[PDB]
Amino acid sequence: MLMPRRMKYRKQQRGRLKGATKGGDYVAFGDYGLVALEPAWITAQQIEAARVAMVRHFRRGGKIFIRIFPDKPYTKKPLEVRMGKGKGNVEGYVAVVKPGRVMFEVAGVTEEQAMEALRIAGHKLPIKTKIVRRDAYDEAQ
Amino acid sequence: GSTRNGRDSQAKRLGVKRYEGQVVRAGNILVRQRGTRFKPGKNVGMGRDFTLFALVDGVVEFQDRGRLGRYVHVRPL
Amino acid sequence: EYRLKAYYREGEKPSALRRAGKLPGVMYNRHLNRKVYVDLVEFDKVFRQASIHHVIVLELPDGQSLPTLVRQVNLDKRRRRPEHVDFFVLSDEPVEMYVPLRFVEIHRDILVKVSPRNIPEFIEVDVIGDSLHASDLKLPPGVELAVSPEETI
Amino acid sequence: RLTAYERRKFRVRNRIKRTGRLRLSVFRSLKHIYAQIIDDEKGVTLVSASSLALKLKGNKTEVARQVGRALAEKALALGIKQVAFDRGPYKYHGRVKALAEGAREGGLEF
RNA sequence: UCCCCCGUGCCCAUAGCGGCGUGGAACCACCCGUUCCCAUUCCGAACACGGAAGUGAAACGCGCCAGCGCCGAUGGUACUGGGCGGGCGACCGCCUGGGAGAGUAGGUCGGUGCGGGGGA
RNA sequence: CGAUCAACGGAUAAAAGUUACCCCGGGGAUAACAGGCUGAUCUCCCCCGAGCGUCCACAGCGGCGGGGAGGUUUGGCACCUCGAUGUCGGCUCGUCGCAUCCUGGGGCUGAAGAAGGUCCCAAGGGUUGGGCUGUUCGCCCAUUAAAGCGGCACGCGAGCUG
RNA sequence: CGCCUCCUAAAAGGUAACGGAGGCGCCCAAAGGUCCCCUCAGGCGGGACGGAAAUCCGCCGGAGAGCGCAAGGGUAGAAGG
RNA sequence: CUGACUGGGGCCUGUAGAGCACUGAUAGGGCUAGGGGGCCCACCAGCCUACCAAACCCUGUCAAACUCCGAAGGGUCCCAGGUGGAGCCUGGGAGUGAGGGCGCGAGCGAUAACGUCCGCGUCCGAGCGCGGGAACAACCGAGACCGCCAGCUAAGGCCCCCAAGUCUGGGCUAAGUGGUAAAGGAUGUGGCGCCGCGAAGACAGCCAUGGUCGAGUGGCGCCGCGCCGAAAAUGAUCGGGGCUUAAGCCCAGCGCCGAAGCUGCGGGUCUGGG
Ligand SMILES: [K+]
Ligand SMILES: [K+]
Ligand SMILES: [K+]
Ligand SMILES: [K+]
Ligand SMILES: [K+]
Ligand SMILES: [K+]
Ligand SMILES: [K+]
Ligand SMILES: [K+]
Ligand SMILES: [K+]
Ligand SMILES: [K+]
Ligand SMILES: [K+]
Ligand SMILES: [K+]
Ligand SMILES: [K+]
Ligand SMILES: [K+]
Ligand SMILES: [K+]
Ligand SMILES: [K+]
Ligand SMILES: [Mg+2]
Ligand SMILES: [Mg+2]
Ligand SMILES: [Mg+2]
Ligand SMILES: [Mg+2]
Ligand SMILES: [Mg+2]
Ligand SMILES: [Mg+2]
Ligand SMILES: [Mg+2]
Ligand SMILES: [Mg+2]
Ligand SMILES: [Mg+2]
Ligand SMILES: [Mg+2]
Ligand SMILES: [Mg+2]
Ligand SMILES: [Mg+2]
Ligand SMILES: [Mg+2]
Ligand SMILES: [Mg+2]
Ligand SMILES: [Mg+2]
Ligand SMILES: [Mg+2]
Ligand SMILES: [Mg+2]
Ligand SMILES: [Mg+2]
Ligand SMILES: [Mg+2]
Ligand SMILES: [Mg+2]
Ligand SMILES: [Mg+2]
Ligand SMILES: [Mg+2]
Ligand SMILES: [Mg+2]
Ligand SMILES: [Mg+2]
Ligand SMILES: [Mg+2]
Ligand SMILES: [Mg+2]
Ligand SMILES: [Mg+2]
Ligand SMILES: [Mg+2]
Ligand SMILES: [Mg+2]
Ligand SMILES: [Mg+2]
Ligand SMILES: [Mg+2]
Ligand SMILES: [Mg+2]
Ligand SMILES: [Mg+2]
Ligand SMILES: [Mg+2]
Ligand SMILES: [Mg+2]
Ligand SMILES: [Mg+2]
Ligand SMILES: [Mg+2]
Ligand SMILES: [Mg+2]
Ligand SMILES: [Mg+2]
Ligand SMILES: [Mg+2]
Ligand SMILES: [Mg+2]
Ligand SMILES: [Mg+2]
Ligand SMILES: [Mg+2]
Ligand SMILES: [Mg+2]
Ligand SMILES: [Mg+2]
Ligand SMILES: [Mg+2]
Ligand SMILES: [Mg+2]
Ligand SMILES: [Mg+2]
Ligand SMILES: [Mg+2]
Ligand SMILES: [Mg+2]
Ligand SMILES: [Mg+2]
Ligand SMILES: [Mg+2]
Ligand SMILES: [Mg+2]
Ligand SMILES: [Mg+2]
Ligand SMILES: [Mg+2]
Ligand SMILES: [Mg+2]
Ligand SMILES: [Mg+2]
Ligand SMILES: [Mg+2]
Ligand SMILES: [Mg+2]
Ligand SMILES: [Mg+2]
Ligand SMILES: [Mg+2]
Ligand SMILES: [Mg+2]
Ligand SMILES: [Mg+2]
Ligand SMILES: [Mg+2]
Ligand SMILES: [Mg+2]
Ligand SMILES: [Mg+2]
Ligand SMILES: [Mg+2]
Ligand SMILES: [Mg+2]
Ligand SMILES: [Mg+2]
Ligand SMILES: [Mg+2]
Ligand SMILES: [Mg+2]
Ligand SMILES: [Mg+2]
Ligand SMILES: [Mg+2]
Ligand SMILES: [Mg+2]
Ligand SMILES: [Mg+2]
Ligand SMILES: [Mg+2]
Ligand SMILES: [Mg+2]
Ligand SMILES: [Mg+2]
Ligand SMILES: [Mg+2]
Ligand SMILES: [Mg+2]
Ligand SMILES: [Mg+2]
Ligand SMILES: [Mg+2]
Ligand SMILES: [Mg+2]
Ligand SMILES: [Mg+2]
Ligand SMILES: [Mg+2]
Ligand SMILES: [Mg+2]
Ligand SMILES: [Mg+2]
Ligand SMILES: [Mg+2]
Ligand SMILES: [Mg+2]
Ligand SMILES: [Mg+2]
Ligand SMILES: [Mg+2]
Ligand SMILES: [Mg+2]
Ligand SMILES: [Mg+2]
Ligand SMILES: [Mg+2]
Ligand SMILES: [Mg+2]
Ligand SMILES: [Mg+2]
Ligand SMILES: [Mg+2]
Ligand SMILES: [Mg+2]
Ligand SMILES: [Mg+2]
Ligand SMILES: [Mg+2]
Ligand SMILES: [Mg+2]
Ligand SMILES: [Mg+2]
Ligand SMILES: [Mg+2]
Ligand SMILES: [Mg+2]
Ligand SMILES: [Mg+2]
Ligand SMILES: [Mg+2]
Ligand SMILES: [Mg+2]
Ligand SMILES: [Mg+2]
Ligand SMILES: [Mg+2]
Ligand SMILES: [Mg+2]
Ligand SMILES: [Mg+2]
Ligand SMILES: [Mg+2]
Ligand SMILES: [Mg+2]
Ligand SMILES: [Mg+2]
Ligand SMILES: [Mg+2]
Ligand SMILES: [Mg+2]
Ligand SMILES: [Mg+2]
Ligand SMILES: [Mg+2]
Ligand SMILES: [Mg+2]
Ligand SMILES: [Mg+2]
Ligand SMILES: [Mg+2]
Ligand SMILES: [Mg+2]
Ligand SMILES: [Mg+2]
Ligand SMILES: [Mg+2]
Ligand SMILES: [Mg+2]
Ligand SMILES: [Mg+2]
Ligand SMILES: [Mg+2]
Ligand SMILES: [Mg+2]
Ligand SMILES: [Mg+2]
Ligand SMILES: [Mg+2]
Ligand SMILES: [Mg+2]
Ligand SMILES: [Mg+2]
Ligand SMILES: [Mg+2]
Ligand SMILES: [Mg+2]
Ligand SMILES: [Mg+2]
Ligand SMILES: [Mg+2]
Ligand SMILES: [Mg+2]
Ligand SMILES: [Mg+2]
Ligand SMILES: [Mg+2]
Ligand SMILES: [Mg+2]
Ligand SMILES: [Mg+2]
Ligand SMILES: [Mg+2]
Ligand SMILES: [Mg+2]
Ligand SMILES: [Mg+2]
Ligand SMILES: [Mg+2]
Ligand SMILES: [Mg+2]
Ligand SMILES: [Mg+2]
Ligand SMILES: [Mg+2]
Ligand SMILES: [Mg+2]
Ligand SMILES: [Mg+2]
Ligand SMILES: [Mg+2]
Ligand SMILES: [Mg+2]
Ligand SMILES: [Mg+2]
Ligand SMILES: [Mg+2]
Ligand SMILES: [Mg+2]
Ligand SMILES: [Mg+2]
Ligand SMILES: [Mg+2]
Ligand SMILES: [Mg+2]
Ligand SMILES: [Mg+2]
Ligand SMILES: [Mg+2]
Ligand SMILES: [Mg+2]
Ligand SMILES: [Mg+2]
Ligand SMILES: [Mg+2]
Ligand SMILES: [Mg+2]
Ligand SMILES: [Mg+2]
Ligand SMILES: [Mg+2]
Ligand SMILES: [Mg+2]
Ligand SMILES: [Mg+2]
Ligand SMILES: [Mg+2]
Ligand SMILES: [Mg+2]
Ligand SMILES: [Mg+2]
Ligand SMILES: [Mg+2]
Ligand SMILES: [Mg+2]
Ligand SMILES: [Mg+2]
Ligand SMILES: [Mg+2]
Ligand SMILES: [Mg+2]
Ligand SMILES: [Mg+2]
Ligand SMILES: [Mg+2]
Ligand SMILES: [Mg+2]
Ligand SMILES: [Mg+2]
Ligand SMILES: [Mg+2]
Ligand SMILES: [Mg+2]
Ligand SMILES: [Mg+2]
Ligand SMILES: [Mg+2]
Ligand SMILES: [Mg+2]
Ligand SMILES: [Mg+2]
Ligand SMILES: [Mg+2]
Ligand SMILES: [Mg+2]
Ligand SMILES: [Mg+2]
Ligand SMILES: [Mg+2]
Ligand SMILES: [Mg+2]
Ligand SMILES: [Mg+2]
Ligand SMILES: [Mg+2]
Ligand SMILES: [Mg+2]
Ligand SMILES: [Mg+2]
Ligand SMILES: [Mg+2]
Ligand SMILES: [Mg+2]
Ligand SMILES: [Mg+2]
Ligand SMILES: [Mg+2]
Ligand SMILES: [Mg+2]
Ligand SMILES: [Mg+2]
Ligand SMILES: [Mg+2]
Ligand SMILES: [Mg+2]
Ligand SMILES: [Mg+2]
Ligand SMILES: [Mg+2]
Ligand SMILES: [Mg+2]
Ligand SMILES: [Mg+2]
Ligand SMILES: [Mg+2]
Ligand SMILES: [Mg+2]
Ligand SMILES: [Mg+2]
Ligand SMILES: [Mg+2]
Ligand SMILES: [Mg+2]
Ligand SMILES: [Mg+2]
Ligand SMILES: [Mg+2]
Ligand SMILES: [Mg+2]
Ligand SMILES: [Mg+2]
Ligand SMILES: [Mg+2]
Ligand SMILES: [Mg+2]
Ligand SMILES: [Mg+2]
Ligand SMILES: [Mg+2]
Ligand SMILES: [Mg+2]
Ligand SMILES: [Mg+2]
Ligand SMILES: [Mg+2]
Ligand SMILES: [Mg+2]
Ligand SMILES: [Mg+2]
Ligand SMILES: [Mg+2]
Ligand SMILES: [Mg+2]
Ligand SMILES: [Mg+2]
Ligand SMILES: [Mg+2]
Ligand SMILES: [Mg+2]
C-alpha cells in the first residue's frame, strides 16, 4: 500500500474536485492505459486492489505502471463522538483524480491481455473509466 | 487538536497607505511594511520599523528599478 | 507523402467551428502567419500515420500547395480530442524535428536537424539487464543530433 | 561577482548621493589625478579639472594640491560653493587628501 | 560632424555565463622600490607613497560566435466579472465582456546621456 | 519602585465543598423518552471473479476491491413539545409489511430413490407447553408441518399490572 | 483564557469554529552610536601528526550562509565579519 | 452637489489557473558515494546482484501553511456624468446587540443533516398582502393609498375539473416511460459512421477446405429515446379524471388566458415648486 514516507503536515483540508486533469493526460510509458472519466478520491486500497488484479491476470509477463500516488491524508472522527474537539485522526491516503487522468499503463502484453486486465482493474475503482492505446497524439505531446 | 492548537495574533493592517498621484503633506505615512519591500526614494524617509514617510508636501510616485528594488518618491509641487 | 485540405478563417468563433466538425489551427514560419482550419476527420486519418515526423502538404483555396510539418497538437483533456493544430511551414533553410525510430521504449521520436530534402523514414536499431543510448544511433547522412549525446532509448 | 574595490566604491558613493549635494568625484591613476563636479539629479558634469589638461608635473601630492586649486577657482566663477567630497575607493589620505585641501584652500565649502 | 581612450550616470540580463580574435602612439593597468606619509590580528598580498627598466602576459577596453542563459509572439486553451440553464450528488453546459501559465515561431553576445584627453 | 491582578480591560486587602431532605423564577434559547432530518453504525441486495470445488470461476462457494436499498439498532444534529408528549417487561386486544419459519407452485443441482442444498413465485391460513431470570434477550426440557423477522409514539397504563 | 508568526482569509484592509501548525512572559554594557576595513554556505584538488569534519593553499561558486531565541518578511551596492 | 452607481486615467495586490526556479512529496529507467549477501579472502582487492539506496541524467507527477509566473476582479486617488426620502455637519429620541432560508466561495463534518462556522449577495424577518409552484415564511413572478361588471402583460398555462389552441409544421417513445435512484447488464428502437467478405459467387441451411446455395452479409464506434437492476409496514392515486401520429418528450411558429405589475377614468394624502 502506498503512502508518503515523510510529510510536512499531517492533516489537509478537504479541497475541491473541479476542472479537468492538470497533468498526466497522455500515455507516456506503456502501450495501453486506463483513463478516468469523472473526478474522485481514489484510496490506496483501491489502487492496490486494481494493481494485484492485473498482476494475477498477467501470468509470467507484463509490466505495470501506476501513474497516480495517494499523497493526500484522509481523516475520520471516532465512532460515537460529537462535533468539535479538533480535527479527526488520519485513517488513510487518497489520490485526487480528475477527468482525463491516465491512472495505469501496461506493457509487454498482447492486445487481448491488456484489454481484459484493464477491464478487471476498472471494476475495482469507484469511477467510470475507458481503455486507451498509445497513438500519435501521445507522441506529439 | 482543540488542545494543541487554537492560537493566533492580531492582524497588523500593513500595506501601502498612499498610492501614486495622491497629494501628501510632510510626515504622511506612505507604506507600512516588514523589511524593505519598498525603498525610500527622493524626499522619503524610513523609520526604525521600515515605515516610509514623506519629508515634504507633494505627489506620491512609485518606481520599479528591477534588481535595484521598488522605490517610492515624493515630487514637490 | 501526405496531403490535406486547409481553409482560411478570419473571425468565425473556434467553438462554432468545432461544433461543425472542423479543427481550428494556425500556420507560420519566420515570414508568414495565417489562421486556417481543416476538417477534423480528414486531419485525424492523416495524422495517425503522419505524426510530427512526416510532411503534410496543405491544399489552400489560393492554389498553393504548402509543405508543412506539425509542431503542436493541443488536446481536449476531457474528450481526448485535438482542439488546435500548429503547422510549421517548411522552406529552404534546415529545420530541427523528430524522426521516427525503428526497432528490431524510452523514446519514440529522436530529434535531429535536417534539410527537408533528406528527411529519413527509418532508423533501425538492433536489440538481460542493459540499456540502449542515443549515441548508438546509425545517424544516416544529412542529419545532425539535436538531443543530448547520452540519451537512453 | 564584485571585488573589494567595487564594493568599496558603491558603499562610499551611496552615502554621498543620499545627501543631495553636488559631489566632487576624484579619480587617481598611477600617473595623474582627475576631479569632476557632478549633479546627480540631472546626471551632468558642471566643472572638471585634472593634471593631464593643466600639464602639471612634479611630486604627485604637490601636483594634486594644484589641481584642487584650479577646480576651486573654476567652480566659484560658475556660482558653486557647496559640494560633497566623494573619495570613491581611495582612502582619505595622500594624493586624494591633497586635492581636497587644495579645493578647500581655493574657496569651496565642504 | 567621425573614430579611439578615460571618468561618471540612466534603462535593469535582448545588458549575462562561456568560446575565439585584437588594442600600448595616448590613456589605463601590470610593473620598479619601500627613505618618506601610511599599513599588515604575519606578509608593501591589501591600503599608501616615491618613480619610469620592462610588458600588454594578467586585468581592462573593443570585435565575432546563439552552446547555455535571458526575452518572446500569433493562434488556441485554462480561469473568470455579469447574465442564464442542467445534474441525486461529486460537478457540468450556454450567452456577453476580459483573458493567462506552459509550449511553438522567433529575438538577443546591449541601448543611451554628460564631461575630459587625443587623432583625423 | 511594589502586579503568574496569567480568569492577563485587572468584582474584595481577605474565600472551598455537598444536597436522593431540598425550594423559587425561568427555558423546549438546552439534555434524558418519542417523533423528525441524516444513514457513519446496523440488516439486506447487487457488480468484479482471485481461488475452492477429483476434472470444472459461477451445484454450493466468492480473496482484494466497487455500487445500492431499507429506516428495526448504536449514534450525529437540536426542528414541535419542559403554564408535562408517563418512561422496561408482562397481560389483553389486535392489525399491517414480506427480505417466507411451515403449508401451495416452480428452475437448477456436485438431483439414482428417499432425504437435502440453492434461487424464483406466493402473505390465504398457521406459527405449542414448560424450567431459569423483573427481564427484553438467551440457554435448557418435551414436542411440532413449523416453533419467521419486522412496523404500528421499540402498537396498546383516561385498558390492567408495577 | 494575554501576546507574537504562518495558514484557513475568497490577489486592498478586516473576517469565525473545542479549525491546521509553532513560539513569548527574555536578553545585550555590547548584541548600543559613529568612522574605517572586510564578505558567505557549499563543492573539487593539494598538504606532518589529522580523521566525514580542526588549521593551510588553489579553483569554481550571487546568496542555497549569517543576522541571540518561533515563524514570516527583509538583507552582501549589508541589516552579516 | 459633495451621494450610491457609472466613464476615463494612474498606482496597490498574489487568489483562480498554471508551473517546478525554491521547500517538501513522488513513478519508471540510466549512471553510481555508501549498504545486504556474494567468487571470497584478511597477506591485499576487484567482482558478482532479477535485493536497497546519495548526488547526477532522461522521462512523468503533487501541494491550505511551495512559487520562476499570474488573471478576471477588487481597493484607492484625480477628473466627468449622477438633484436623490441622495450626501455632509451639529444636537434631541430610540430600538437592536437569539436571526433564518437560498445562491456562490471556504473551514469543520462522512464532499452526511431542515447540521455547524465565516465571507459576498439576496429574500423572509417586518411583505403569513397579491399571481405561479396541488397544498407550503424565504423557489419563480411582483413591492398592495382608495374606488370601477374597462384594457395590456409577468411567471405559469390553453383536453375536463379550470380562464385560454383537442392550434399549425418536422421528429422520437410503446415503457402509462412521461408520473422518484446507482454501479452493472441486454439482438428494445431510430439515426448516423468506420471496416471486412461479396456472382476472384459470400453469411445461414444441406453433403462432407471442397459441392449444394443465388442476394447481400458480418465485425466495431458514436448519438437520441427507452428496458432490467428496483423490497416496508392504515387505502389507493401523475393534484384527480383521464391521456399513446398524446393531453408524453425534442425543434420551430402564430394566437390567446393569466397579478393588488402597467395603462385608462375618478378620488384622498405627503413633499417640493409656481
Ligand atoms: K468502475
Ligand atoms: K476576566
Ligand atoms: K442520600
Ligand atoms: K413515546
Ligand atoms: K440490489
Ligand atoms: K418536556
Ligand atoms: K405484530
Ligand atoms: K427446489
Ligand atoms: K401467508
Ligand atoms: K440476559
Ligand atoms: K454633481
Ligand atoms: K520542485
Ligand atoms: K481604478
Ligand atoms: K444571509
Ligand atoms: K442505443
Ligand atoms: K397624487
Ligand atoms: Mg471542508
Ligand atoms: Mg478535494
Ligand atoms: Mg505537465
Ligand atoms: Mg475526511
Ligand atoms: Mg472539528
Ligand atoms: Mg475528521
Ligand atoms: Mg487528476
Ligand atoms: Mg501547534
Ligand atoms: Mg501557547
Ligand atoms: Mg485567525
Ligand atoms: Mg486582529
Ligand atoms: Mg494575524
Ligand atoms: Mg500594499
Ligand atoms: Mg532599528
Ligand atoms: Mg568622501
Ligand atoms: Mg572608462
Ligand atoms: Mg528581464
Ligand atoms: Mg624604513
Ligand atoms: Mg590579457
Ligand atoms: Mg502558434
Ligand atoms: Mg500565446
Ligand atoms: Mg493570447
Ligand atoms: Mg466561470
Ligand atoms: Mg463567462
Ligand atoms: Mg471568483
Ligand atoms: Mg461569472
Ligand atoms: Mg472572452
Ligand atoms: Mg497563455
Ligand atoms: Mg504567454
Ligand atoms: Mg547574449
Ligand atoms: Mg502595583
Ligand atoms: Mg482578577
Ligand atoms: Mg495561569
Ligand atoms: Mg504578567
Ligand atoms: Mg474570564
Ligand atoms: Mg487590558
Ligand atoms: Mg481581552
Ligand atoms: Mg484588548
Ligand atoms: Mg475572585
Ligand atoms: Mg482589588
Ligand atoms: Mg485568603
Ligand atoms: Mg472564592
Ligand atoms: Mg453553599
Ligand atoms: Mg447537587
Ligand atoms: Mg443529608
Ligand atoms: Mg445524590
Ligand atoms: Mg436510595
Ligand atoms: Mg437514603
Ligand atoms: Mg424530611
Ligand atoms: Mg437522611
Ligand atoms: Mg427553601
Ligand atoms: Mg424546586
Ligand atoms: Mg431547582
Ligand atoms: Mg420549578
Ligand atoms: Mg417558574
Ligand atoms: Mg425566554
Ligand atoms: Mg428545539
Ligand atoms: Mg431557538
Ligand atoms: Mg445549554
Ligand atoms: Mg434533545
Ligand atoms: Mg432525548
Ligand atoms: Mg428532550
Ligand atoms: Mg439521545
Ligand atoms: Mg432523540
Ligand atoms: Mg411528537
Ligand atoms: Mg436510505
Ligand atoms: Mg452504512
Ligand atoms: Mg452496511
Ligand atoms: Mg458475476
Ligand atoms: Mg484449479
Ligand atoms: Mg463446472
Ligand atoms: Mg455505495
Ligand atoms: Mg436496489
Ligand atoms: Mg441506504
Ligand atoms: Mg423509526
Ligand atoms: Mg435516531
Ligand atoms: Mg447528539
Ligand atoms: Mg438550530
Ligand atoms: Mg442552530
Ligand atoms: Mg395546563
Ligand atoms: Mg397545555
Ligand atoms: Mg410531558
Ligand atoms: Mg397527553
Ligand atoms: Mg412504562
Ligand atoms: Mg413497554
Ligand atoms: Mg416481565
Ligand atoms: Mg412491551
Ligand atoms: Mg407482553
Ligand atoms: Mg400478551
Ligand atoms: Mg397469558
Ligand atoms: Mg403485548
Ligand atoms: Mg393475548
Ligand atoms: Mg388475542
Ligand atoms: Mg404478519
Ligand atoms: Mg417475495
Ligand atoms: Mg413452500
Ligand atoms: Mg413449495
Ligand atoms: Mg427426490
Ligand atoms: Mg431461480
Ligand atoms: Mg426462477
Ligand atoms: Mg422468491
Ligand atoms: Mg409473498
Ligand atoms: Mg403483506
Ligand atoms: Mg406480499
Ligand atoms: Mg408441554
Ligand atoms: Mg416458548
Ligand atoms: Mg409444565
Ligand atoms: Mg421459555
Ligand atoms: Mg422449577
Ligand atoms: Mg414446575
Ligand atoms: Mg417463566
Ligand atoms: Mg425469559
Ligand atoms: Mg422465578
Ligand atoms: Mg444464556
Ligand atoms: Mg424434544
Ligand atoms: Mg426443545
Ligand atoms: Mg415433527
Ligand atoms: Mg415505522
Ligand atoms: Mg415509532
Ligand atoms: Mg422506546
Ligand atoms: Mg416496547
Ligand atoms: Mg412491540
Ligand atoms: Mg410502547
Ligand atoms: Mg410493547
Ligand atoms: Mg401497553
Ligand atoms: Mg404502552
Ligand atoms: Mg396506571
Ligand atoms: Mg406499562
Ligand atoms: Mg393510552
Ligand atoms: Mg391517558
Ligand atoms: Mg391518552
Ligand atoms: Mg407487574
Ligand atoms: Mg412503571
Ligand atoms: Mg417497585
Ligand atoms: Mg409493590
Ligand atoms: Mg479572556
Ligand atoms: Mg499579555
Ligand atoms: Mg478579497
Ligand atoms: Mg492595495
Ligand atoms: Mg487580504
Ligand atoms: Mg462574526
Ligand atoms: Mg456570528
Ligand atoms: Mg477550547
Ligand atoms: Mg480558530
Ligand atoms: Mg511559529
Ligand atoms: Mg511556547
Ligand atoms: Mg510575550
Ligand atoms: Mg547590557
Ligand atoms: Mg542586536
Ligand atoms: Mg548592530
Ligand atoms: Mg537564508
Ligand atoms: Mg528556539
Ligand atoms: Mg528571516
Ligand atoms: Mg542573504
Ligand atoms: Mg558582493
Ligand atoms: Mg490551484
Ligand atoms: Mg506558473
Ligand atoms: Mg506528493
Ligand atoms: Mg530515480
Ligand atoms: Mg502540480
Ligand atoms: Mg490543488
Ligand atoms: Mg497545482
Ligand atoms: Mg508560503
Ligand atoms: Mg498557491
Ligand atoms: Mg461631480
Ligand atoms: Mg454629523
Ligand atoms: Mg422621545
Ligand atoms: Mg440621539
Ligand atoms: Mg423612545
Ligand atoms: Mg439606544
Ligand atoms: Mg436589545
Ligand atoms: Mg452588542
Ligand atoms: Mg449578547
Ligand atoms: Mg449574537
Ligand atoms: Mg437561539
Ligand atoms: Mg441560531
Ligand atoms: Mg441576514
Ligand atoms: Mg450569522
Ligand atoms: Mg434554491
Ligand atoms: Mg444553502
Ligand atoms: Mg447558503
Ligand atoms: Mg448553496
Ligand atoms: Mg457554499
Ligand atoms: Mg475557511
Ligand atoms: Mg459548509
Ligand atoms: Mg467529492
Ligand atoms: Mg446543507
Ligand atoms: Mg422549515
Ligand atoms: Mg442552520
Ligand atoms: Mg473566514
Ligand atoms: Mg455566511
Ligand atoms: Mg457575512
Ligand atoms: Mg451563506
Ligand atoms: Mg439582507
Ligand atoms: Mg431585503
Ligand atoms: Mg433583508
Ligand atoms: Mg417576497
Ligand atoms: Mg423585505
Ligand atoms: Mg410571501
Ligand atoms: Mg406567508
Ligand atoms: Mg400560513
Ligand atoms: Mg411571520
Ligand atoms: Mg411560476
Ligand atoms: Mg406563494
Ligand atoms: Mg399557490
Ligand atoms: Mg390541483
Ligand atoms: Mg407541491
Ligand atoms: Mg410557499
Ligand atoms: Mg401560499
Ligand atoms: Mg419568493
Ligand atoms: Mg402589489
Ligand atoms: Mg387604480
Ligand atoms: Mg392579451
Ligand atoms: Mg405570452
Ligand atoms: Mg415583469
Ligand atoms: Mg376551459
Ligand atoms: Mg392537432
Ligand atoms: Mg420516450
Ligand atoms: Mg416496464
Ligand atoms: Mg421503467
Ligand atoms: Mg405513469
Ligand atoms: Mg414511472
Ligand atoms: Mg434505466
Ligand atoms: Mg428499473
Ligand atoms: Mg421494473
Ligand atoms: Mg422496504
Ligand atoms: Mg406531430
Ligand atoms: Mg387585474
Ligand atoms: Mg400599482
Ligand atoms: Mg390620477
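First the proteins, then the strands, lettered A, B, ... as listed; each starts at 1.
Using a 4.0 Å heavy-atom criterion, one finds that A/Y9 contacts the bases of the nucleic acid, with or without backbone contacts as well. Within 4.0 Å of A/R6, counting heavy atoms only, lie sugar-phosphate atoms of the nucleic acid but no base atom. Using a 4.0 Å heavy-atom cutoff across all strands shown, A/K72 reaches no nucleic acid atom at all. The residue C/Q72 sits close to a base: some heavy atom pair falls under 4.0 Å. Within the 4.0 angstrom heavy-atom criterion, base atoms lie near A/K8. Backbone-only contact: A/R101 has heavy atoms under 4.0 Å from sugar-phosphate atoms and none from a base. At the heavy-atom level, C/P24 lies nowhere under 4.0 Å from the strands shown.
For H/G221, the paired base is H/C192 (Watson-Crick or G-U wobble, both distances below 3.5 Å). Look at E/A105: it lacks any Watson-Crick or wobble partner with both distances under 3.5 angstrom. Base pairing of H/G97 is not made with any nucleotide, judged by Watson-Crick or G-U wobble geometry with both donor-acceptor distances under 3.5 Å. Across all strands shown, H/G24 forms a Watson-Crick or G-U wobble pair, both distances under 3.5 Å, with H/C62. Partner assigned to H/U13 is H/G73, using Watson-Crick or G-U wobble distances below 3.5 angstrom. For H/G241, the paired nucleotide is H/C159, the pair qualifying as Watson-Crick or G-U wobble because both relevant distances are below 3.5 Å. Under the Watson-Crick or G-U wobble criterion, with both distances below 3.5 Å, H/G87 has no partner in any strand shown. Checking H/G205 for Watson-Crick or G-U wobble geometry (two distances, each under 3.5 Å) identifies H/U212 as its partner.
Under the 5.5 Å and 30° stacking definition, the step from H/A53 to H/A54 does not qualify as stacked.
The base of F/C47 does not come close enough to the side chain of A/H123 for any donor and acceptor atom to sit less than 3.5 Å apart. Judged by distance alone, with hydrogens and angles left aside, D/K91 brings no side-chain donor or acceptor close enough to the base of E/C47 to form a pair under 3.5 Å. A donor-acceptor contact under 3.5 Å is formed by the side chain of B/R67 with the base of G/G77. No N or O donor and acceptor, one from the side chain of C/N33 and one from the base of E/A105, sit under 3.5 Å apart.
Here A/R82 does not reach the OP1 or OP2 of H/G109: none of its side-chain N or O atoms lies under 4.0 Å away. In terms of phosphate contacts, A/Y74 brings a side-chain nitrogen or oxygen within less than 4.0 Å of OP1 or OP2 of H/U111.
If you run side-chain hydrogen bond (donor to acceptor under 3.5 Å, both in side chains) between C/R80 and each of A/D25, A/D138, A/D135, only A/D138 comes through.
A distance of about 36 Å separates the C1' atoms of H/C262 and H/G240, rounded to the whole Å. Taking atom P in both H/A71 and H/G17, the straight-line distance is 15 Å, to the nearest Å.
To the nearest angstrom, P of G/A17 lies 19 Å from CZ of A/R14. If you measure from atom NZ of B/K39 to atom P of G/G77, you get 12 Å, rounded to the nearest angstrom.
For RNA chain G, the residues of residues 1-20 of chain B within the heavy-atom distance limit of 4.0 Å (strictly under) are B/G1, B/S2, B/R4, B/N5, B/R7, B/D8, B/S9, B/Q10, B/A11, B/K12, B/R13, B/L14, sorted by number. Of the residues in residues 84-98 of chain A, A/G84, A/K85, A/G86, A/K87 come within less than 4.0 Å of RNA chain G through at least one heavy atom, sorted by number.
RNA chain H is contacted by both B/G21 and A/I127; B/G21 maps to the nucleotide lying nearer its 5′ end (nearest heavy atom per residue). Each of B/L68 and D/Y90 was matched to the nucleotide of RNA chain G holding its nearest heavy atom; the match closer to the 5' end belongs to D/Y90. Nearer to the 5' terminus of RNA chain G, by closest-nucleotide assignment, is the contact made by B/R34 (compared with the other of D/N14 and B/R34). Residues A/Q13 and C/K77 both approach RNA chain H. Their nearest nucleotides, taken by heavy-atom distance, put C/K77 toward the 5′ side.
Syn is the glycosidic conformation of F/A99, whose angle stays within 90° of 0. In this structure H/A246 sits in the syn conformation; its chi angle is within 90° of 0.
With a 5.0 Å cut-off on side-chain heavy atoms, D/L30 falls on the major-groove face of the base pairs.
In the model, D/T61 has no side-chain atom that pairs as donor or acceptor with a side-chain atom of D/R65 under 3.5 Å.
Ion pairing of B/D49 with B/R32 is present here, as a side-chain N (NZ or NE/NH1/NH2) and a carboxylate O approach within less than 4.0 Å.
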